[PDB]
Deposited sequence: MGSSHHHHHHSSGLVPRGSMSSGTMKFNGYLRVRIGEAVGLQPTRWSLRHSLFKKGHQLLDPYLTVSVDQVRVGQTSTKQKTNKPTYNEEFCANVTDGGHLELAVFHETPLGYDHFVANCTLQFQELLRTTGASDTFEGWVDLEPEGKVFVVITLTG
């Protein structure tokens, strides 16, 4: 019998995610050649999805013509065996599928390790390939 028993692990609890401002969003080449081709600007119509291990738990409203949207929108979910939270930014197209812009995956264990005695993380997280978004995330 192992003596290496874990007192490694998944998150079970309640998640509350608040999305503040995003900055530095960049249209992809795909977007530039399609929806943002020859429009007089290259400003996105961005929204963000919030997922817990690939299951969507929220979607912000879409902001119009901005690469620095301000949301102040809030989402919550019961989480079971949670590995990570994914924030993904899309450009809303007039018709058909939306276009990927950028994303950020946050491990629940990285959040827990960061906040220590606190249940709340607040701060800018980096979007890949470019950009950042300000989040307030509470794990209880």
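Stretches of the deposited sequence lacking C-alpha coordinates, numbered from 1: 1-9, 17-23, 157.
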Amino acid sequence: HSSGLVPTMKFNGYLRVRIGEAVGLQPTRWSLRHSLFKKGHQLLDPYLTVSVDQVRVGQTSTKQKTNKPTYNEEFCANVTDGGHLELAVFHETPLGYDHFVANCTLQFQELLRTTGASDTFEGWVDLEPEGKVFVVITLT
From here on, numbers count along this sequence of modelled residues.
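For the pair 62-70 and 108-116, the mean Cα B-factor is higher in 108-116. Among the modelled residues of its chain, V17 has a C-alpha B-factor that falls in the lowest third according to the deposited record. In the PDB entry, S31 places in the middle third of its chain by CA B-factor. In this PDB entry, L87 carries a Cα temperature factor that places it within the lowest third of its chain's modelled residues. Among the modelled residues of the chain, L43 sits in the lowest third by CA temperature factor in this PDB entry. In this PDB entry, the Cα temperature factor of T93 sits in the middle third of its chain's modelled residues.
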